[PDB]
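J.: The opening residue of the sequence shown carries number 1 in the entry's author numbering; numbering runs sequentially from there.
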Amino acid sequence: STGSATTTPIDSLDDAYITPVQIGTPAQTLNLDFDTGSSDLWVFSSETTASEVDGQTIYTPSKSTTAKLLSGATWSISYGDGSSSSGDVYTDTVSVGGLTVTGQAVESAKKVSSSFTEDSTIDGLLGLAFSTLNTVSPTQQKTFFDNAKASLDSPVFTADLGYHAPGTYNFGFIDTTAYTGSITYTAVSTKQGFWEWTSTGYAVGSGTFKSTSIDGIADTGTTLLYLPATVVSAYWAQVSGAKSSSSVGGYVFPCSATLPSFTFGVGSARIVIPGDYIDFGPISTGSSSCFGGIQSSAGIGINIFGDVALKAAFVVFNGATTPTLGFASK
Ligand SMILES: O=C(CN1CCCCC1)Nc1ccc2c(c1)OCO2
Numbered sequence: 001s002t003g004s005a006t007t008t009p010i011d012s013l014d015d016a017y018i019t020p021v022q023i024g025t026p027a028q029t030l031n032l033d034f035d036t037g038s039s040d041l042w043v044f045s046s047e048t049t050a051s052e053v054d055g056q057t058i059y060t061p062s063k064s065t066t067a068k069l070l071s072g073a074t075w076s077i078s079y080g081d082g083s084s085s086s087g088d089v090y091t092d093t094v095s096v097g098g099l100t101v102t103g104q105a106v107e108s109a110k111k112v113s114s115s116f117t118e119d120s121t122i123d124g125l126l127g128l129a130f131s132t133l134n135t136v137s138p139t140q141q142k143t144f145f146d147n148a149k150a151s152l153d154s155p156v157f158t159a160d161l162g163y164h165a166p167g168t169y170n171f172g173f174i175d176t177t178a179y180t181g182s183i184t185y186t187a188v189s190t191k192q193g194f195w196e197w198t199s200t201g202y203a204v205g206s207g208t209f210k211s212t213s214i215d216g217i218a219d220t221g222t223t224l225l226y227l228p229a230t231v232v233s234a235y236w237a238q239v240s241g242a243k244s245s246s247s248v249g250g251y252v253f254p255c256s257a258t259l260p261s262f263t264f265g266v267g268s269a270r271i272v273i274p275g276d277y278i279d280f281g282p283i284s285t286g287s288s289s290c291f292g293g294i295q296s297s298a299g300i301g302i303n304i305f306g307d308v309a310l311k312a313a314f315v316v317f318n319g320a321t322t323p324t325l326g327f328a329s330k
């Protein structure tokens, strides 16, 4: 089997991407944030605290003849950005782009943090990291990919995010029309539960390539590109007027600037991030100071190949017995 779904930016900055997901019988369609940085499928629901729901589409398990309460199970997640949610669990039929999983654990939110309430465009998350990070207790649950894998034509999914435009999540097959050149695969460590790999280096704009190992994770659920302070400093040093601002919380730059590209290595291959992909607009409405799309990972504990980077590539998440990651230009 295979599945193919369109993923759409939630706003004009590509702050995140939502993919429609069918849950239950009859289907209830919710727009979820596919996150290869986490491993919980959770949704806004008829159980969520009233005051914490503002615009979201909710899952109502009582209206689904295939929903079953997973007795005693609870879940609680805290993301790297300080956001969080928690609640109880059902199993139900979940379909993504024509691909169906029966008995998928659907984590029903009773509580969500302010930042989730405040974004009416995201109805929940669908995690695509390794199930070792799943937060369900006392019986840890499998991710959608994990549940479908044996059934897929090939045990893979692919992320094809667009820049200021919709893209595609495919399951069980690689679309050889969606990229240029060849796909370069690279080793993954599953030790921390993430799609963790090692980039071979970078270049700034038309700069020379610097050979250097950068360990990080492929994270579709993180918007920006978070790299070592040295790297980030070398990038913003090419933009006149750019500065690290503690008060805004990162590198900002004059909105009148033309940003240079950023290249990262994948083995002997190179992925080029165009300068415009690194512009995240005024720091506040009407400001002529713009927020940078490349930021320091110092203080995070890990480097993150966030959407800013992934959207410049066609990315293969190969969940074979020994997982690997694949990157192609497009
Ligand atoms: O919290 C996030 C992303 N976040 C995920 C939940 C929705 C809002 C965006 N960043 C993040 C993502 C993966 C990480 C990490 C931090 O530290 C380690 O792995």
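The beta carbon of each residue, even a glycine, is placed where N, CA and C say it ideally should be.
#1: Could you give the uninterrupted runs of the alpha helix (DSSP H) lying entirely in the stretch 23-101, keeping only those of 4 residues or more?
#2: Since I believe residue 105 is in contact with residue 89 (beta carbons under 8 Å), could you give me their beta-carbon distance rounded to a whole number of angstroms?
#3: With a cut-off of 8 Å, do at least 3 Cβ pairs link the stretch 77-91 to the stretch 14-21?
#4: Please tell me whether residue 286 and residue 253 are closer than 7 Å, where the distance is taken between their beta carbons.
#5: Which residues does DSSP list as the beta-bridge partners of residue 265?
#6: Are residue 219 and residue 36 close, meaning C-beta to C-beta below 7 Å?
#7: Which residues mark the beginning and the end of the alpha helix (DSSP H) in which residue 248 is found?
#8: As a quick exercise: from 318, 49, 137, pick the residue whose alpha carbon is nearest that of residue 184.
#9: I need the DSSP call for residue 311, collapsed to helix, strand or coil.
#10: Rounded to the nearest angstrom, what separates residue 199 and residue 60 at their Cα positions?
#11: Can you say whether residue 11 is buried or exposed, counting buried as having 16 or more other CB atoms within 10 angstroms of its CB?
#12: With a threshold of 6 Å (Cβ to nearest heavy atom), would residue 281 be considered close to ligand 1?
#13: Is residue 37 near ligand 1, judged by its Cβ being under 6 Å from some heavy atom?
#14: Taking the straight line between their C-alpha atoms, what separation do you get for residue 143 and residue 166?
#15: Between residue 220 and ligand 1, is there a pair consisting of the residue's CB and a ligand heavy atom that are separated by less than 6 Å?
#16: Give the straight-line distance between the Cα atoms of residue 255 and residue 223, rounded to the nearest whole angstrom.
#17: Determine, using beta carbons only, whether residue 325 and residue 186 come nearer to each other than 7 Å.
#18: Contact between the stretch 193-212 and the stretch 125-136 is defined here as three or more beta-carbon pairs at a separation below 8 Å; is this criterion met?
#19: Grab the span of the beta strand (DSSP E) containing residue 236 for me, first residue to last.
T.: Checking against the coordinates, here is how it stands:
#1: none
#2: 6 Å
#3: no
#4: no
#5: 270
#6: yes
#7: From DSSP, residue 248 is part of no alpha helix (DSSP H); its letter is neither H nor E.
#8: 318
#9: coil
#10: 43 Å
#11: exposed
#12: no
#13: yes
#14: 24 Å
#15: no
#16: 19 Å
#17: yes
#18: yes
#19: Counting along the chain, residue 236 falls outside any beta strand (DSSP E), though it belongs to the alpha helix (DSSP H) covering 229-236.
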